[PDB]
file entry.pdb (PDB, N, CA and C atoms)
MODEL        1
ATOM      1  N   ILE E  11      12.394  -0.076   1.840  1.00  0.00           N
ATOM      2  CA  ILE E  11      11.081  -0.699   1.731  1.00  0.00           C
ATOM      3  C   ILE E  11      10.165  -0.250   2.865  1.00  0.00           C
ATOM      4  N   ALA E  12       9.280   0.680   2.564  1.00  0.00           N
ATOM      5  CA  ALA E  12       7.855   0.644   2.981  1.00  0.00           C
ATOM      6  C   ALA E  12       7.230   1.967   3.531  1.00  0.00           C
ATOM      7  N   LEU E  13       7.971   3.067   3.610  1.00  0.00           N
ATOM      8  CA  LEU E  13       7.443   4.309   4.165  1.00  0.00           C
ATOM      9  C   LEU E  13       7.457   5.421   3.121  1.00  0.00           C
ATOM     10  N   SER E  14       6.311   6.075   2.945  1.00  0.00           N
ATOM     11  CA  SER E  14       6.209   7.097   2.037  1.00  0.00           C
ATOM     12  C   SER E  14       5.309   6.991   0.954  1.00  0.00           C
ATOM     13  N   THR E  15       5.834   6.548  -0.184  1.00  0.00           N
ATOM     14  CA  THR E  15       5.027   6.357  -1.266  1.00  0.00           C
ATOM     15  C   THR E  15       4.599   4.949  -1.638  1.00  0.00           C
ATOM     16  N   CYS E  16       4.792   4.021  -0.706  1.00  0.00           N
ATOM     17  CA  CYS E  16       4.460   2.621  -0.939  1.00  0.00           C
ATOM     18  C   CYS E  16       2.980   2.461  -1.273  1.00  0.00           C
ATOM     19  N   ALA E  17       2.153   2.365  -0.238  1.00  0.00           N
ATOM     20  CA  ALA E  17       0.715   2.212  -0.422  1.00  0.00           C
ATOM     21  C   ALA E  17       0.081   3.510  -0.910  1.00  0.00           C
ATOM     22  N   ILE E  18       0.914   4.521  -1.132  1.00  0.00           N
ATOM     23  CA  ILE E  18       0.435   5.816  -1.601  1.00  0.00           C
ATOM     24  C   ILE E  18       0.291   5.832  -3.119  1.00  0.00           C
ATOM     25  N   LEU E  19       1.144   5.072  -3.796  1.00  0.00           N
ATOM     26  CA  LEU E  19       1.113   4.995  -5.253  1.00  0.00           C
ATOM     27  C   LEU E  19       0.272   3.811  -5.719  1.00  0.00           C
ATOM     28  N   UNK E  20      -0.859   3.606  -5.064  1.00  0.00           N
ATOM     29  CA  UNK E  20      -1.749   2.508  -5.407  1.00  0.00           C
ATOM     30  C   UNK E  20      -2.024   2.469  -6.909  1.00  0.00           C
ATOM     31  N   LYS E  21      -3.133   3.081  -7.314  1.00  0.00           N
ATOM     32  CA  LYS E  21      -3.518   3.118  -8.719  1.00  0.00           C
ATOM     33  C   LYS E  21      -3.113   1.828  -9.428  1.00  0.00           C
ATOM     34  N   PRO E  22      -3.549   0.686  -8.874  1.00  0.00           N
ATOM     35  CA  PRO E  22      -3.245  -0.632  -9.438  1.00  0.00           C
ATOM     36  C   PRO E  22      -3.972  -0.880 -10.756  1.00  0.00           C
ATOM     37  N   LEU E  23      -3.371  -1.698 -11.613  1.00  0.00           N
ATOM     38  CA  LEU E  23      -3.962  -2.018 -12.907  1.00  0.00           C
ATOM     39  C   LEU E  23      -4.307  -3.501 -12.998  1.00  0.00           C
ATOM     40  N   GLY E  24      -4.530  -3.979 -14.219  1.00  0.00           N
ATOM     41  CA  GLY E  24      -4.864  -5.377 -14.418  1.00  0.00           C
ATOM     42  C   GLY E  24      -3.803  -6.310 -13.869  1.00  0.00           C
ATOM     43  N   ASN E  25      -2.658  -5.748 -13.496  1.00  0.00           N
ATOM     44  CA  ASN E  25      -1.559  -6.540 -12.953  1.00  0.00           C
ATOM     45  C   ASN E  25      -0.931  -5.844 -11.750  1.00  0.00           C
ATOM     46  N   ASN E  26      -1.682  -4.933 -11.140  1.00  0.00           N
ATOM     47  CA  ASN E  26      -1.198  -4.197  -9.978  1.00  0.00           C
ATOM     48  C   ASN E  26       0.165  -3.572 -10.258  1.00  0.00           C
ATOM     49  N   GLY E  27       0.663  -2.797  -9.299  1.00  0.00           N
ATOM     50  CA  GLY E  27       1.953  -2.153  -9.462  1.00  0.00           C
ATOM     51  C   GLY E  27       2.897  -2.449  -8.313  1.00  0.00           C
ATOM     52  N   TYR E  28       2.847  -1.617  -7.279  1.00  0.00           N
ATOM     53  CA  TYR E  28       3.707  -1.792  -6.115  1.00  0.00           C
ATOM     54  C   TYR E  28       2.886  -2.150  -4.879  1.00  0.00           C
ATOM     55  N   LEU E  29       3.530  -2.113  -3.718  1.00  0.00           N
ATOM     56  CA  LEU E  29       2.862  -2.433  -2.462  1.00  0.00           C
ATOM     57  C   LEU E  29       1.754  -1.427  -2.163  1.00  0.00           C
ATOM     58  N   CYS E  30       0.512  -1.835  -2.397  1.00  0.00           N
ATOM     59  CA  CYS E  30      -0.636  -0.971  -2.151  1.00  0.00           C
ATOM     60  C   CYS E  30      -1.112  -1.097  -0.706  1.00  0.00           C
ATOM     61  N   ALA E  31      -2.267  -0.527  -0.424  1.00  0.00           N
ATOM     62  CA  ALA E  31      -3.335  -1.163   0.391  1.00  0.00           C
ATOM     63  C   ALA E  31      -2.902  -1.902   1.699  1.00  0.00           C
ATOM     64  N   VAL E  32      -1.692  -1.691   2.210  1.00  0.00           N
ATOM     65  CA  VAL E  32      -1.229  -2.398   3.399  1.00  0.00           C
ATOM     66  C   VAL E  32      -1.718  -1.713   4.670  1.00  0.00           C
ATOM     67  N   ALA E  33      -1.767  -2.464   5.752  1.00  0.00           N
ATOM     68  CA  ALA E  33      -1.288  -2.031   7.091  1.00  0.00           C
ATOM     69  C   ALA E  33      -2.000  -0.805   7.751  1.00  0.00           C
ATOM     70  N   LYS E  34      -1.624  -0.390   8.956  1.00  0.00           N
ATOM     71  CA  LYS E  34      -2.295   0.716   9.629  1.00  0.00           C
ATOM     72  C   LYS E  34      -2.520   1.881   8.671  1.00  0.00           C
ATOM     73  N   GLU E  35      -1.777   1.886   7.568  1.00  0.00           N
ATOM     74  CA  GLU E  35      -1.896   2.943   6.572  1.00  0.00           C
ATOM     75  C   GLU E  35      -3.241   2.867   5.854  1.00  0.00           C
ATOM     76  N   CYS E  36      -3.681   1.646   5.565  1.00  0.00           N
ATOM     77  CA  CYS E  36      -4.950   1.433   4.880  1.00  0.00           C
ATOM     78  C   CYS E  36      -6.031   0.992   5.864  1.00  0.00           C
ATOM     79  N   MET E  37      -5.634   0.204   6.857  1.00  0.00           N
ATOM     80  CA  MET E  37      -6.568  -0.286   7.863  1.00  0.00           C
ATOM     81  C   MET E  37      -6.464   0.533   9.146  1.00  0.00           C
ATOM     82  N   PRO E  38      -7.624   0.899   9.711  1.00  0.00           N
ATOM     83  CA  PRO E  38      -7.689   1.688  10.945  1.00  0.00           C
ATOM     84  C   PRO E  38      -7.232   0.896  12.165  1.00  0.00           C
ATOM     85  N   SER E  39      -7.306  -0.428  12.067  1.00  0.00           N
ATOM     86  CA  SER E  39      -6.903  -1.299  13.164  1.00  0.00           C
ATOM     87  C   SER E  39      -6.211  -2.553  12.636  1.00  0.00           C
ATOM     88  N   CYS E  40      -5.150  -2.353  11.861  1.00  0.00           N
ATOM     89  CA  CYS E  40      -4.398  -3.464  11.290  1.00  0.00           C
ATOM     90  C   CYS E  40      -3.915  -4.412  12.385  1.00  0.00           C
ATOM     91  N   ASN E  41      -3.124  -5.405  11.992  1.00  0.00           N
ATOM     92  CA  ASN E  41      -2.595  -6.380  12.939  1.00  0.00           C
ATOM     93  C   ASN E  41      -1.291  -6.983  12.427  1.00  0.00           C
TER      94      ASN E  41
ENDMDL
END
call {"tool": "encode", "arguments": {"input": "entry.pdb", "output": "structure tokens"}}
result
Amino acid sequence: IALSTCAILXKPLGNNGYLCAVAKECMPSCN
């Protein structure tokens, strides 16, 4: 769980898919 293709395979739908949009990966200054 969580390195690689996690937030990389976003392409969410009407019911989302996997762990998108997280963390320093998506945010420049996460917390």
call {"tool": "residues_around", "arguments": {"input": "entry.pdb", "residues": "residue 17 in chain E", "least_positions_apart": "6", "cutoff": "10 Å", "atoms": "only C-alpha atoms", "output": "MDAnalysis selection string"}}
result
chainID E and resid 28:33 35:36
call {"tool": "axis_aligned_box", "arguments": {"input": "entry.pdb", "around": "range 32-39 of chain E", "padding_each_side": "5 Å", "output": "AutoDock Vina command-line options"}}
result
--center_x -4.5 --center_y 0.2 --center_z 7.7 --size_x 16.5 --size_y 15.5 --size_z 21.0
call {"tool": "atom_distance", "arguments": {"input": "entry.pdb", "atom1": "CA of residue 19 in chain E", "atom2": "atom C of residue 34 in chain E"}}
result
14.7 Å
call {"tool": "atom_distance", "arguments": {"input": "entry.pdb", "atom1": "atom C of residue 39 in chain E", "atom2": "atom N of residue 25 in chain E"}}
result
26.6 Å
call {"tool": "select_by_dssp", "arguments": {"input": "entry.pdb", "residues": "chain E", "states": "helix (DSSP H, G or I)", "output": "list in words"}}
result
residues 33, 34, 35 and 36 of chain E
call {"tool": "atom_distance", "arguments": {"input": "entry.pdb", "atom1": "CA of residue 24 in chain E", "atom2": "atom C of residue 37 in chain E"}}
result
24.3 Å
